[PDB]
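**Q** Have a peek at run-v8.txt (compact mmCIF, C-alpha atoms and all ligand atoms).
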# COMPACT_ATOMS: atom_id res chain seq x y z
CA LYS A 1 -3.71 24.57 9.19
CA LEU A 2 -2.65 21.60 11.34
CA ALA A 3 0.38 22.41 13.49
CA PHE A 4 3.62 20.55 12.97
CA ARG A 5 3.60 18.78 16.31
CA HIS A 6 3.12 15.20 17.46
CA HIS A 7 -0.53 14.16 17.70
CA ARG A 8 -1.54 11.59 20.30
CA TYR A 9 -4.63 9.39 19.89
CA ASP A 10 -7.31 11.96 20.77
CA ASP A 11 -5.78 14.66 18.56
CA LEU A 12 -5.33 12.17 15.73
CA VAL A 13 -9.03 11.29 15.87
CA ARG A 14 -10.07 14.95 16.05
CA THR A 15 -7.83 15.75 13.10
CA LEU A 16 -9.38 13.09 10.88
CA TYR A 17 -12.91 14.23 11.65
CA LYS A 18 -11.87 17.85 11.23
CA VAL A 19 -10.65 17.09 7.69
CA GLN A 20 -13.82 15.14 6.97
CA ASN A 21 -15.84 18.13 8.20
CA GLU A 22 -13.91 20.43 5.85
CA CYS A 23 -14.27 18.17 2.78
CA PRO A 24 -17.56 16.31 3.55
CA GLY A 25 -18.33 15.38 -0.03
CA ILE A 26 -15.05 13.58 -0.73
CA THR A 27 -14.09 11.90 2.55
CA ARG A 28 -15.21 9.19 4.92
CA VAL A 29 -13.74 8.30 8.29
CA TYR A 30 -14.11 4.66 9.33
CA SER A 31 -12.54 2.16 11.72
CA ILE A 32 -11.28 -1.24 10.63
CA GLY A 33 -11.13 -2.53 14.19
CA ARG A 34 -9.80 -1.93 17.70
CA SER A 35 -6.31 -2.27 19.14
CA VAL A 36 -5.54 -4.55 22.08
CA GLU A 37 -6.36 -1.67 24.44
CA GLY A 38 -9.51 -0.52 22.67
CA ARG A 39 -8.18 2.23 20.41
CA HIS A 40 -9.70 2.46 16.94
CA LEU A 41 -7.55 1.91 13.88
CA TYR A 42 -9.07 4.86 12.03
CA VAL A 43 -8.86 5.17 8.25
CA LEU A 44 -9.61 8.30 6.23
CA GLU A 45 -10.91 7.59 2.72
CA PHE A 46 -10.70 10.11 -0.14
CA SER A 47 -12.86 9.83 -3.27
CA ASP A 48 -15.37 12.00 -5.09
CA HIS A 49 -17.79 9.15 -4.25
CA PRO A 50 -16.63 7.81 -0.86
CA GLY A 51 -17.91 4.51 0.46
CA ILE A 52 -18.30 2.82 -2.92
CA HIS A 53 -16.03 1.05 -5.39
CA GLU A 54 -16.42 2.26 -8.96
CA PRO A 55 -15.50 -0.15 -11.75
CA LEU A 56 -12.11 0.61 -13.30
CA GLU A 57 -11.29 2.99 -10.43
CA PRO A 58 -8.31 1.57 -8.49
CA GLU A 59 -8.07 1.49 -4.70
CA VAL A 60 -4.78 2.49 -3.06
CA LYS A 61 -3.59 2.83 0.52
CA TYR A 62 -0.97 4.28 2.85
CA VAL A 63 -0.28 2.69 6.23
CA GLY A 64 1.85 4.23 8.92
CA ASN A 65 2.99 3.81 12.50
CA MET A 66 2.76 -0.02 12.58
CA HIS A 67 5.73 0.31 14.92
CA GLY A 68 4.67 2.61 17.74
CA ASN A 69 7.90 4.60 17.95
CA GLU A 70 8.08 5.25 14.19
CA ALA A 71 5.97 8.40 14.34
CA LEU A 72 6.92 10.21 11.14
CA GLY A 73 4.61 8.07 9.00
CA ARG A 74 1.82 8.90 11.43
CA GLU A 75 2.30 12.67 11.20
CA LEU A 76 2.91 12.67 7.43
CA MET A 77 -0.44 10.94 6.95
CA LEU A 78 -2.24 13.53 9.06
CA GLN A 79 -0.52 16.32 7.12
CA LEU A 80 -1.33 14.53 3.85
CA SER A 81 -5.00 14.27 4.81
CA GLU A 82 -5.22 18.02 5.39
CA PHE A 83 -3.21 18.68 2.21
CA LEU A 84 -5.50 16.64 -0.03
CA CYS A 85 -8.61 18.39 1.32
CA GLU A 86 -7.00 21.85 1.05
CA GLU A 87 -5.74 21.35 -2.50
CA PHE A 88 -9.11 19.92 -3.54
CA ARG A 89 -10.75 23.07 -2.17
CA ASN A 90 -8.09 25.24 -3.85
CA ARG A 91 -9.16 23.49 -7.04
CA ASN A 92 -5.66 22.22 -7.76
CA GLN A 93 -6.67 19.97 -10.66
CA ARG A 94 -3.78 17.56 -10.13
CA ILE A 95 -5.26 16.68 -6.74
CA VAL A 96 -8.91 16.98 -7.84
CA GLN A 97 -8.32 14.55 -10.70
CA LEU A 98 -6.36 12.23 -8.39
CA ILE A 99 -9.33 12.12 -6.01
CA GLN A 100 -11.83 11.78 -8.88
CA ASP A 101 -9.98 8.86 -10.52
CA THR A 102 -8.76 7.04 -7.43
CA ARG A 103 -10.05 5.73 -4.13
CA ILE A 104 -7.47 6.56 -1.45
CA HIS A 105 -7.49 4.99 2.04
CA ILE A 106 -5.18 6.47 4.68
CA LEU A 107 -4.46 4.58 7.92
CA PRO A 108 -2.28 6.99 9.98
CA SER A 109 -1.65 4.52 12.80
CA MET A 110 -1.82 0.74 12.68
CA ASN A 111 -0.35 0.51 16.21
CA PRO A 112 -2.01 3.25 18.29
CA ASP A 113 -1.33 1.42 21.57
CA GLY A 114 2.39 1.29 20.88
CA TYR A 115 2.45 4.94 19.85
CA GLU A 116 1.09 6.08 23.21
CA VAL A 117 3.82 4.08 24.96
CA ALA A 118 6.47 5.59 22.70
CA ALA A 119 5.12 9.14 23.12
CA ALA A 120 5.02 8.86 26.92
CA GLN A 121 8.67 7.79 27.03
CA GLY A 122 10.74 10.95 27.31
CA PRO A 123 8.24 12.20 26.48
CA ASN A 124 8.62 11.81 22.71
CA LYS A 125 12.00 10.08 23.10
CA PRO A 126 11.25 6.31 22.96
CA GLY A 127 14.67 5.61 21.54
CA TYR A 128 15.12 2.58 19.30
CA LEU A 129 12.72 0.17 21.05
CA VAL A 130 10.08 1.71 23.33
CA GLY A 131 6.59 1.34 21.90
CA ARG A 132 7.75 -0.61 18.84
CA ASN A 133 5.57 -3.63 19.60
CA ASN A 134 1.84 -3.66 20.31
CA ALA A 135 0.31 -3.98 23.81
CA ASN A 136 0.89 -7.74 23.88
CA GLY A 137 4.58 -7.20 23.19
CA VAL A 138 4.26 -8.43 19.62
CA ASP A 139 6.09 -6.95 16.63
CA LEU A 140 3.27 -6.44 14.13
CA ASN A 141 5.69 -6.64 11.19
CA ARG A 142 6.59 -10.23 12.15
CA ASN A 143 2.97 -11.12 12.89
CA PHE A 144 1.61 -11.71 9.37
CA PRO A 145 1.36 -15.27 8.01
CA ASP A 146 4.51 -16.28 6.14
CA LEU A 147 3.47 -17.09 2.56
CA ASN A 148 6.98 -16.76 1.11
CA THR A 149 7.85 -20.40 1.82
CA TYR A 150 4.98 -21.42 -0.44
CA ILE A 151 5.74 -19.00 -3.26
CA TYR A 152 9.44 -19.87 -3.37
CA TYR A 153 8.50 -23.54 -3.74
CA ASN A 154 5.84 -22.79 -6.37
CA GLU A 155 8.23 -20.59 -8.35
CA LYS A 156 10.74 -23.44 -8.35
CA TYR A 157 8.51 -26.44 -9.07
CA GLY A 158 5.48 -24.71 -10.54
CA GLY A 159 2.05 -24.00 -9.11
CA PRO A 160 -0.28 -21.13 -8.06
CA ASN A 161 1.55 -17.80 -8.15
CA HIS A 162 -1.02 -15.58 -6.42
CA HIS A 163 -3.54 -15.45 -3.59
CA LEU A 164 -1.86 -18.07 -1.42
CA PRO A 165 -4.28 -19.16 1.37
CA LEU A 166 -3.96 -18.38 5.07
CA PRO A 167 -3.68 -21.05 7.78
CA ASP A 168 -7.08 -22.34 8.94
CA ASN A 169 -6.77 -20.75 12.38
CA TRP A 170 -4.97 -17.57 11.34
CA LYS A 171 -7.55 -15.45 13.15
CA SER A 172 -6.23 -16.88 16.42
CA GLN A 173 -2.56 -16.69 15.45
CA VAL A 174 -2.49 -12.95 14.76
CA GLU A 175 -2.81 -9.82 16.90
CA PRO A 176 -5.98 -7.71 16.81
CA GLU A 177 -4.24 -4.98 14.80
CA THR A 178 -2.98 -7.55 12.30
CA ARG A 179 -6.39 -9.21 12.12
CA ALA A 180 -8.07 -5.86 11.47
CA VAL A 181 -5.65 -5.09 8.65
CA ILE A 182 -6.02 -8.51 7.01
CA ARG A 183 -9.83 -8.25 7.10
CA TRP A 184 -9.43 -4.77 5.63
CA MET A 185 -7.29 -6.17 2.80
CA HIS A 186 -10.08 -8.72 2.21
CA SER A 187 -12.64 -5.91 2.04
CA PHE A 188 -11.15 -3.88 -0.82
CA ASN A 189 -9.25 -4.74 -4.00
CA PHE A 190 -6.18 -2.66 -3.14
CA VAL A 191 -3.88 -2.25 -6.15
CA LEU A 192 -0.92 -0.26 -4.80
CA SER A 193 0.24 0.55 -1.28
CA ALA A 194 3.09 1.83 0.87
CA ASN A 195 3.85 1.04 4.52
CA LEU A 196 5.70 3.89 6.25
CA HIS A 197 8.62 3.20 8.60
CA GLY A 198 11.39 4.96 10.49
CA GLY A 199 14.98 3.93 11.20
CA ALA A 200 16.38 4.41 7.71
CA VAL A 201 15.81 6.37 4.51
CA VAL A 202 15.23 4.01 1.59
CA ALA A 203 12.44 2.55 -0.54
CA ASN A 204 12.28 -1.18 0.36
CA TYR A 205 10.49 -3.67 -2.10
CA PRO A 206 9.70 -7.48 -2.29
CA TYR A 207 10.85 -9.92 -1.40
CA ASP A 208 11.61 -9.28 2.28
CA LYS A 209 12.52 -12.89 3.11
CA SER A 210 15.79 -14.28 1.81
CA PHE A 211 15.47 -17.35 -0.41
CA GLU A 212 18.21 -18.88 1.74
CA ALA A 213 20.70 -12.43 -0.37
CA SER A 214 18.81 -10.60 -3.12
CA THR A 215 15.41 -12.24 -3.51
CA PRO A 216 13.44 -10.63 -6.39
CA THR A 217 9.77 -11.10 -7.28
CA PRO A 218 8.51 -11.84 -10.79
CA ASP A 219 7.67 -8.09 -10.89
CA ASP A 220 11.17 -6.95 -9.88
CA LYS A 221 11.56 -4.38 -12.67
CA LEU A 222 8.19 -2.83 -11.87
CA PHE A 223 8.87 -2.76 -8.13
CA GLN A 224 12.25 -1.12 -8.70
CA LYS A 225 10.52 1.59 -10.75
CA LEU A 226 7.83 2.11 -8.09
CA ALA A 227 10.51 2.42 -5.41
CA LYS A 228 12.60 4.78 -7.55
CA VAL A 229 9.61 7.01 -8.22
CA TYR A 230 9.27 7.72 -4.49
CA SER A 231 13.01 7.87 -3.87
CA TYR A 232 13.70 10.38 -6.65
CA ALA A 233 10.66 12.54 -5.85
CA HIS A 234 11.77 12.54 -2.21
CA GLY A 235 13.97 15.35 -0.91
CA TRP A 236 17.06 13.26 -0.15
CA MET A 237 16.33 9.54 -0.42
CA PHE A 238 17.71 9.22 -3.95
CA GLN A 239 21.06 10.44 -2.57
CA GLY A 240 21.62 6.91 -1.31
CA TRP A 241 23.67 8.05 1.68
CA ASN A 242 21.50 8.33 4.80
CA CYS A 243 21.89 7.17 8.40
CA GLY A 244 25.32 5.80 7.53
CA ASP A 245 23.66 3.41 5.08
CA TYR A 246 24.35 3.42 1.36
CA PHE A 247 21.61 2.36 -1.02
CA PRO A 248 22.15 3.03 -4.74
CA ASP A 249 19.19 5.05 -6.05
CA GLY A 250 17.83 5.12 -2.51
CA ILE A 251 16.08 1.77 -2.99
CA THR A 252 16.65 -1.81 -1.93
CA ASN A 253 15.29 -5.31 -2.22
CA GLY A 254 14.25 -6.22 1.31
CA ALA A 255 16.03 -9.57 1.54
CA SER A 256 19.19 -8.01 0.12
CA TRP A 257 19.27 -5.53 3.01
CA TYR A 258 18.33 -8.11 5.67
CA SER A 259 16.01 -11.13 5.73
CA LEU A 260 12.62 -10.55 7.32
CA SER A 261 9.75 -13.03 7.53
CA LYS A 262 6.07 -12.65 8.46
CA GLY A 263 6.14 -9.02 7.35
CA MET A 264 3.13 -7.09 6.03
CA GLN A 265 4.79 -6.11 2.73
CA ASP A 266 5.23 -9.58 1.24
CA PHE A 267 1.85 -10.61 2.67
CA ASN A 268 0.15 -7.97 0.49
CA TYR A 269 1.79 -9.30 -2.67
CA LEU A 270 1.31 -13.01 -1.99
CA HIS A 271 -2.19 -12.94 -0.48
CA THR A 272 -3.85 -10.13 -2.50
CA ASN A 273 -3.52 -8.13 -5.72
CA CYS A 274 -1.92 -5.27 -3.80
CA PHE A 275 1.67 -4.36 -4.67
CA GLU A 276 3.24 -2.82 -1.57
CA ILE A 277 6.61 -1.30 -0.81
CA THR A 278 8.01 -0.20 2.54
CA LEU A 279 9.17 3.40 2.82
CA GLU A 280 11.79 4.09 5.51
CA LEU A 281 11.61 7.87 5.83
CA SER A 282 14.05 8.97 8.54
CA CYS A 283 17.07 7.90 10.58
CA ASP A 284 15.27 9.28 13.64
CA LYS A 285 12.18 7.13 14.27
CA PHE A 286 10.53 9.79 16.44
CA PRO A 287 11.88 13.14 15.17
CA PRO A 288 11.60 16.31 17.27
CA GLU A 289 8.63 18.56 16.50
CA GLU A 290 10.89 21.27 15.07
CA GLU A 291 11.74 18.89 12.21
CA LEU A 292 8.21 17.84 11.26
CA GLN A 293 7.59 20.66 8.79
CA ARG A 294 10.85 20.10 6.91
CA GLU A 295 10.07 16.39 6.70
CA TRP A 296 6.55 17.10 5.41
CA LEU A 297 7.78 19.56 2.77
CA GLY A 298 10.45 17.06 1.72
CA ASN A 299 7.92 14.22 1.39
CA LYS A 300 4.66 15.60 0.01
CA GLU A 301 5.67 15.59 -3.67
CA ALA A 302 6.77 11.98 -3.39
CA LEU A 303 3.60 11.03 -1.50
CA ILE A 304 1.51 12.43 -4.35
CA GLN A 305 3.64 10.89 -7.14
CA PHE A 306 3.54 7.44 -5.54
CA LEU A 307 -0.27 7.42 -5.52
CA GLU A 308 -0.36 8.68 -9.11
CA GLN A 309 1.67 5.57 -10.02
CA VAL A 310 -1.42 3.40 -9.65
CA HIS A 311 -2.59 4.80 -12.98
CA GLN A 312 -0.39 2.78 -15.34
CA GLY A 313 -0.46 -0.57 -17.11
CA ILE A 314 -3.73 -2.26 -18.01
CA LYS A 315 -7.17 -2.58 -16.49
CA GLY A 316 -10.53 -3.80 -17.67
CA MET A 317 -13.50 -6.10 -17.17
CA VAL A 318 -13.81 -9.87 -17.42
CA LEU A 319 -17.23 -10.92 -18.72
CA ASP A 320 -18.96 -14.31 -18.80
CA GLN A 321 -20.90 -15.89 -21.67
CA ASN A 322 -23.89 -13.63 -21.01
CA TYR A 323 -21.65 -10.55 -20.87
CA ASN A 324 -22.24 -10.20 -17.14
CA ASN A 325 -19.33 -9.35 -14.84
CA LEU A 326 -17.09 -12.21 -13.76
CA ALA A 327 -15.50 -11.81 -10.32
CA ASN A 328 -12.34 -13.63 -9.26
CA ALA A 329 -11.25 -14.25 -12.85
CA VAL A 330 -7.49 -14.74 -13.22
CA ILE A 331 -5.47 -12.46 -15.50
CA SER A 332 -1.95 -13.55 -16.41
CA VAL A 333 0.83 -11.84 -18.35
CA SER A 334 3.32 -13.93 -20.33
CA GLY A 335 6.80 -13.72 -18.85
CA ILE A 336 5.57 -12.63 -15.41
CA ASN A 337 4.94 -15.48 -12.98
CA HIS A 338 2.45 -13.56 -10.82
CA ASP A 339 -1.22 -13.16 -11.74
CA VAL A 340 -3.96 -10.86 -10.48
CA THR A 341 -7.73 -11.32 -10.26
CA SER A 342 -10.85 -9.33 -10.98
CA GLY A 343 -12.66 -7.91 -7.97
CA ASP A 344 -16.29 -8.32 -6.95
CA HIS A 345 -17.45 -5.93 -9.69
CA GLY A 346 -15.59 -7.89 -12.36
CA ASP A 347 -12.92 -5.24 -12.91
CA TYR A 348 -9.20 -6.00 -12.67
CA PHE A 349 -6.00 -3.96 -12.60
CA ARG A 350 -2.48 -4.87 -13.67
CA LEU A 351 0.45 -2.51 -13.13
CA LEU A 352 3.00 -2.91 -15.92
CA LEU A 353 5.94 -0.98 -17.34
CA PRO A 354 5.67 0.21 -20.96
CA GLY A 355 5.91 -2.57 -23.55
CA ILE A 356 4.10 -5.24 -25.54
CA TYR A 357 2.59 -8.15 -23.62
CA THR A 358 0.56 -11.25 -24.29
CA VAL A 359 -2.27 -11.17 -21.77
CA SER A 360 -4.72 -13.93 -20.93
CA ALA A 361 -7.79 -14.27 -18.71
CA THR A 362 -9.66 -17.28 -17.41
CA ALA A 363 -11.99 -18.42 -14.65
CA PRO A 364 -13.29 -21.66 -13.12
CA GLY A 365 -15.57 -23.27 -15.69
CA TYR A 366 -14.43 -21.10 -18.60
CA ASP A 367 -11.88 -21.37 -21.40
CA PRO A 368 -8.96 -18.90 -21.58
CA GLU A 369 -8.97 -15.85 -23.84
CA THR A 370 -5.69 -14.37 -24.98
CA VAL A 371 -4.94 -10.97 -26.44
CA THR A 372 -1.82 -9.03 -27.30
CA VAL A 373 -1.59 -5.52 -25.87
CA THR A 374 0.68 -2.49 -25.95
CA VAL A 375 1.27 -0.60 -22.69
CA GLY A 376 2.24 3.06 -22.92
CA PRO A 377 4.12 5.36 -20.49
CA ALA A 378 1.04 7.48 -19.80
CA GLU A 379 -2.45 6.29 -18.83
CA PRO A 380 -3.50 2.61 -18.65
CA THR A 381 -5.01 0.85 -21.67
CA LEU A 382 -8.45 -0.73 -21.34
CA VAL A 383 -8.38 -4.47 -21.97
CA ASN A 384 -11.60 -6.43 -21.53
CA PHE A 385 -12.19 -10.16 -21.85
CA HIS A 386 -15.29 -12.11 -22.85
CA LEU A 387 -15.07 -15.72 -21.67
CA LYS A 388 -16.99 -18.76 -22.92
CA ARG A 389 -18.02 -21.71 -20.74
CA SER A 390 -15.82 -24.80 -20.94
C1 LIG A 401 -1.23 -11.10 -30.25
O1 LIG A 401 -0.06 -10.78 -31.06
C2 LIG A 401 1.13 -11.50 -30.60
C3 LIG A 401 2.32 -11.12 -31.49
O2 LIG A 401 2.53 -9.70 -31.43
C4 LIG A 401 0.90 -13.03 -30.67
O3 LIG A 401 2.06 -13.72 -30.20
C5 LIG A 401 -0.30 -13.39 -29.78
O4 LIG A 401 -0.53 -14.80 -29.84
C6 LIG A 401 -1.52 -12.63 -30.32
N1 LIG A 401 -2.71 -12.96 -29.51
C7 LIG A 401 -3.63 -13.85 -29.99
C8 LIG A 401 -4.84 -14.20 -29.16
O5 LIG A 401 -3.50 -14.38 -31.08
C1 LIG A 402 0.32 -2.17 -29.58
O1 LIG A 402 0.92 -0.96 -30.13
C2 LIG A 402 2.31 -1.18 -30.55
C3 LIG A 402 2.87 0.14 -31.10
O2 LIG A 402 2.82 1.15 -30.08
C4 LIG A 402 2.36 -2.27 -31.65
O3 LIG A 402 3.72 -2.48 -32.05
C5 LIG A 402 1.78 -3.57 -31.08
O4 LIG A 402 1.82 -4.59 -32.08
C6 LIG A 402 0.33 -3.29 -30.66
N1 LIG A 402 -0.28 -4.52 -30.14
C7 LIG A 402 -1.18 -5.20 -30.92
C8 LIG A 402 -1.81 -6.46 -30.40
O5 LIG A 402 -1.47 -4.81 -32.03
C1 LIG A 403 -5.11 0.98 -24.82
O1 LIG A 403 -4.00 1.93 -24.88
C2 LIG A 403 -2.80 1.35 -25.49
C3 LIG A 403 -1.69 2.41 -25.51
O2 LIG A 403 -1.42 2.84 -24.17
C4 LIG A 403 -3.10 0.89 -26.93
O3 LIG A 403 -1.93 0.31 -27.52
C5 LIG A 403 -4.22 -0.17 -26.88
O4 LIG A 403 -4.52 -0.62 -28.20
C6 LIG A 403 -5.47 0.48 -26.24
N1 LIG A 403 -6.57 -0.50 -26.17
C7 LIG A 403 -7.51 -0.60 -27.16
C8 LIG A 403 -8.62 -1.62 -27.05
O5 LIG A 403 -7.45 0.12 -28.14
If you took the structure in this file and wrote it as structure tokens, what would it be?
Ligand SMILES: *[C@H]1O[C@H](CO)[C@@H](O)[C@H](O)[C@H]1NC(C)=O
Ligand SMILES: *[C@H]1O[C@H](CO)[C@@H](O)[C@H](O)[C@H]1NC(C)=O
Ligand SMILES: *[C@H]1O[C@H](CO)[C@@H](O)[C@H](O)[C@H]1NC(C)=O
**A**
Amino acid sequence: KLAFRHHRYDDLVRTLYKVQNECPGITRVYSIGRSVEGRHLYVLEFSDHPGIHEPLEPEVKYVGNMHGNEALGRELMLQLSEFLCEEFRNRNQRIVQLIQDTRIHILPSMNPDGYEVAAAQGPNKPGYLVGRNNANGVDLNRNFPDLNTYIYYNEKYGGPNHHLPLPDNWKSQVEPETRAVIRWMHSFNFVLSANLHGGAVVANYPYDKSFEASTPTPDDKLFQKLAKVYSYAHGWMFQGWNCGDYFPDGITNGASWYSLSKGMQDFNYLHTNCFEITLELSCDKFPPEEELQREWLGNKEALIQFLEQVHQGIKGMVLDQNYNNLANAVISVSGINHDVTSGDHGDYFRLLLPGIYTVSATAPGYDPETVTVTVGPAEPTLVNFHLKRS
């Protein structure tokens, strides 16, 4: 079993391949790009059929260490990787089924360059700032295109409520780590995600940027539930009193806590179908090694429950006049000003709390189709659409 110590780049890489070697049939290690200094942003994928998207099977992801000195997310992801493989081998059906019905992508470190700087300071005592930024001195969580300005306007005066476009030269305005992550987001239809931070203990959800103050999304109720699921499954987050901060239910709207623009969280929601929340897991950004095991044991149940949350709401296929799959179709839910689209295979996913909704689907060159559906508290309900040409 992996030791509860801090793993630097080389050990992190060895760990991922070690897990892959132990569970060859359900894992795949791949890089989404290189850091400023040449380090690979390695991702470990779990699935009973790795390397391929299966229709109606949602894709989810965990991202940690975007801030070099926030190492807990990094270690929790390495421990989680070993845990998933072990439990699969133990034949724990909760985990086996999770892996069989979901495609899980784990990125332990989005800022490997910064981590090395943080780890060398002390060592392992970077304090509040050392290694936070990437090699070019840029804060990656202030490096993503700001799409909030557009959505706030569109919510007020009307207009597109999803997949806002990036600036023409975005590839030259972002850091290599950021660019790698954005291309990654463009490569898979991620449905649910969590970015792991350090510095506080609370489940942070959209929107991060203040409208001017609490700044909710059209999916506020859902996001609160998603945040609460992690908070209440977590060992002490739900307490609300951590690091001298008080957060009722251990959750918080980002903007309400403090305004933040150009962050990765809101980018996910406004540029893709992925609903992401930010999990602050510890007052100490770089905890001592003797605390890693307690943190792991206090987080694992929540880490599993959060991923299981992707299996709720509705999902289905959007078909054209010949009954062939229709990619990029738009699915909208009455009362919720935020749509989602079908992926390349024609399948779409829509997280929703229990209730009765009026759902509609459409696509360029086709006429809308509306249906009324009932969403239960358990598994998702299959809702397909057959569109006719305009
Ligand atoms: C589905 O039923 C609801 C009422 O429960 C209705 O408002 C909605 O228009 C129906 N959908 C269609 C396509 O008629
Ligand atoms: C979905 O099921 C609920 C009962 O659970 C029912 O009230 C609702 O009308 C159903 N939706 C449609 C379109 O029939
Ligand atoms: C999908 O499941 C829901 C209950 O979760 C049910 O109300 C709905 O009718 C089901 N879809 C179909 C096509 O039966």
**Q** At a cut-off of 9 Å, using only C-alpha atoms, what residues contact residue 190 in chain A? Leave out same-chain residues fewer than 5 positions from it and give the result as a ChimeraX atom specification.
**A** /A:58-61,185,272-275
**Q** Would you mind telling me which residue in A:46, A:88, A:286, A:144 lies nearest to residue 103 in chain A when using only C-alpha atoms?
**A**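 Answer, going by the shortest atom-to-atom distance: A:46.
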**Q** Return the single residue from A:343, A:288, A:145, A:365 that is closest to residue 171 in chain A, with distances computed using all atoms listed in the file.
**A**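 Checking each of A:343, A:288, A:145, A:365 against residue 171 in chain A, counting all atoms listed in the file, the winner is A:145.
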**Q** With all atoms listed in the file as the counted atoms, please give the residues lying no more than 10 Å from range 11-15 of chain A, apart from itself and same-chain residues fewer than 3 positions off, as a VMD selection string.
**A** chain A and resid 2 6 to 8 18 to 21 29 40 to 43 74 to 75 78 to 79 81 to 82 108 to 109 112
**Q** Name all residues at most 7 Å from residue 110 in chain A (count all atoms listed in the file; drop same-chain ones fewer than 3 positions away) and give them as a list in words.
**A**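 In the requested form, the answer reads residues 41, 63, 64, 65, 66, 107 and 177 of chain A.
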**Q** Could you turn the residues from that selection into a file that holds C-alpha atoms, as a PDB file, in the coordinates of the input?
**A**
ATOM      1  CA  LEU A  41      -7.550   1.910  13.880  1.00  0.00           C
ATOM      2  CA  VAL A  63      -0.280   2.690   6.230  1.00  0.00           C
ATOM      3  CA  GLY A  64       1.850   4.230   8.920  1.00  0.00           C
ATOM      4  CA  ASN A  65       2.990   3.810  12.500  1.00  0.00           C
ATOM      5  CA  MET A  66       2.760  -0.020  12.580  1.00  0.00           C
ATOM      6  CA  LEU A 107      -4.460   4.580   7.920  1.00  0.00           C
ATOM      7  CA  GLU A 177      -4.240  -4.980  14.800  1.00  0.00           C
TER       8      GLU A 177
END
**Q** Return the single residue from A:377, A:216, A:159, A:165 that is closest to ligand LIG 402 (chain A), with distances computed using all atoms listed in the file.
**A**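 Closest residue, counting all atoms listed in the file: A:377.
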**Q** Can you take the partial range 254-267 of chain A, add N, CA and C atoms, and return it as a compact mmCIF listing (two decimals), in the frame of the given file?
**A**
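part_28.txt, written as the output of this step:
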# COMPACT_ATOMS: atom_id res chain seq x y z
N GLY A 254 14.25 -5.94 -0.12
CA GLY A 254 14.25 -6.22 1.31
C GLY A 254 15.26 -7.26 1.75
N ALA A 255 15.14 -8.46 1.20
CA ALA A 255 16.03 -9.57 1.54
C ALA A 255 17.50 -9.20 1.39
N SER A 256 17.81 -8.43 0.36
CA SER A 256 19.19 -8.01 0.12
C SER A 256 19.74 -7.19 1.28
N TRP A 257 18.88 -6.37 1.88
CA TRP A 257 19.27 -5.53 3.01
C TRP A 257 19.40 -6.42 4.25
N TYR A 258 18.34 -7.17 4.55
CA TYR A 258 18.33 -8.11 5.67
C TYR A 258 17.04 -8.93 5.59
N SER A 259 17.16 -10.24 5.81
CA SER A 259 16.01 -11.13 5.73
C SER A 259 14.98 -10.85 6.81
N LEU A 260 13.72 -10.82 6.40
CA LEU A 260 12.62 -10.55 7.32
C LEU A 260 11.44 -11.41 6.90
N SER A 261 10.89 -12.17 7.84
CA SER A 261 9.75 -13.03 7.53
C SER A 261 8.52 -12.63 8.34
N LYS A 262 7.34 -12.96 7.82
CA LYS A 262 6.07 -12.65 8.46
C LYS A 262 5.76 -11.15 8.43
N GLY A 263 6.38 -10.44 7.48
CA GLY A 263 6.14 -9.02 7.35
C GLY A 263 4.87 -8.72 6.57
N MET A 264 4.35 -7.51 6.72
CA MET A 264 3.13 -7.09 6.03
C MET A 264 3.33 -6.91 4.52
N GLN A 265 4.48 -6.35 4.14
CA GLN A 265 4.79 -6.11 2.73
C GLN A 265 4.60 -7.32 1.82
N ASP A 266 5.34 -8.39 2.08
CA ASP A 266 5.23 -9.58 1.24
C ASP A 266 3.84 -10.21 1.33
N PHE A 267 3.19 -10.06 2.48
CA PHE A 267 1.85 -10.61 2.67
C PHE A 267 0.90 -10.01 1.63
